[PDB]
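Survey of secondary and tertiary structure
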Amino acid sequence: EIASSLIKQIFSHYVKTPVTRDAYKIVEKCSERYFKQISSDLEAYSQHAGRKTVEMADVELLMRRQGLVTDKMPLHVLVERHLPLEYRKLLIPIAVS
Amino acid sequence: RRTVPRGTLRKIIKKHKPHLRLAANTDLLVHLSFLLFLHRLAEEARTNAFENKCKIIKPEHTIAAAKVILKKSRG
């Protein structure tokens, strides 16, 4: 149930070219589908580790499974590259490099 | 405008799995994987459009792209 303005702004920010209204509504649909899919995957990770919480390691494993985190492209780099300072502070209070 | 609606993320996941608890700040990595998903979707869509010599992104571009990228987004 994510805000359509945020989704349009992120999506346009990346796509860099004009998008029709209908295309955007599609991206929204796809975004809802994305969260459904990953919710089930995180459940598997957690349930498998015998706990009721999602831990950082769970989401890193997710992103590794998605082809995002690799040996060439570690998580800390994705954090540095893609998230604002106040978030990096929280995630990387000390260099993990 | 890079600030994430953390409460919202928590609610979306709650909606799909009400008994999953997210530990501290894990929502920030979830949101990161979402940005990376939309980045991938944006690149795939743009490529479809380019393939059509379409100067703007159309629903069919994003539809084919979503299919591809959601497949790539499996855990």
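Residues numbered from 1 in each chain as written, not as in the entry; some residues may be left out. Chains lettered and ligands numbered in written order. Heavy atoms only, no water. Residues with missing side-chain atoms left out of burial classes, pairs and counts.

X-ray crystallography is the method the PDB entry lists for this structure, together with a resolution of 2.197 Å.

**Side note on the overall build of chain A**
Looking only at helices and strands, one finds five helices and one strand in chain A. The helix and strand sequence of chain A, counted from the amino end, reads α-α-β-α-α-α. Computed over C-alpha atoms, the radius of gyration of chain A comes to 16 Å, more than 25% over the 13 Å expected from 2.2 N^0.38 for 97 residues, which places it beyond the range of a compact globule. Overall, chain A is about 40 × 30 × 25 Å in size when its C-alpha atoms are taken along their principal axes. In chain A, once contacts between residues fewer than 6 apart in sequence are set aside, the share between residues at least 24 apart is 18%. (Helix = DSSP H or I, 4+ residues; strand = E, 2+ residues; numbered from the N terminus. Rg over C-alpha atoms; globule rule 2.2 N^0.38 Å. Contact = heavy atoms within 4.5 Å.)

**Here we look at the packing of aromatic side chains**
On inspection of all chains with the given rule, the structure shows six aromatic pairs over all chains. Each ring, one from A:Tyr34 and one from B:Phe37, has its centre 4.7 Å from the other, and the planes form 25 degrees; the classification is stacked. A residue pair is termed interchain when its members come from two chains, as with A:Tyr34 in helix 2 (residues 21-48) and B:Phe37 in helix 2 (residues 26-52). Cluster of aromatic residues (ring-pair linked, three or more members): A:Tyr34, A:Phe35, B:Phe34 and B:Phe37. (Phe/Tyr/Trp six-rings, centres within 6.5 Å; stacked < 30°, edge-to-face > 60°.)

**Notes on the interface of chain A and chain B**
With 56 residues of chain A at the interface, the matching set in chain B holds 52 residues. Secondary structure elements with two or more residues in the side of chain A that touches chain B: helix 1 (4-15), helix 2, strand 1 (53-54), helix 3 (56-65), helix 4 (75-82) and helix 5 (85-91) of chain A. Looking at the side of chain A that touches chain B element by element, the count peaks at 20 residues for helix 2 of chain A. Residue composition of the side of chain A that touches chain B, by class: 32 nonpolar, twelve polar and twelve charged. Note that strand 1 of chain A and strand 1 (residues 21-22) of chain B share two bridges and pair parallel. In the sheet register, A:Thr53 faces strand 1 of chain B, and the bridge partner there is B:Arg21. (Nonpolar A, V, L, I, M, F, W, Y, C, P; charged D, E, K, R; others polar. Pairing = 2+ DSSP bridges.)

**Some remarks on the environment of A:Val27**
Following the sequence through the fold, A:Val27 ends up in helix 2. Spatially, the C-alpha atom of A:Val27 lies 7.9 Å from that of A:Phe11, the residues being 16 residues apart in sequence. With sequence-adjacent residues up to four places away left out, A:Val27 is seen in contact with A:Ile7, A:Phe11, B:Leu38, B:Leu41 and B:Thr62.

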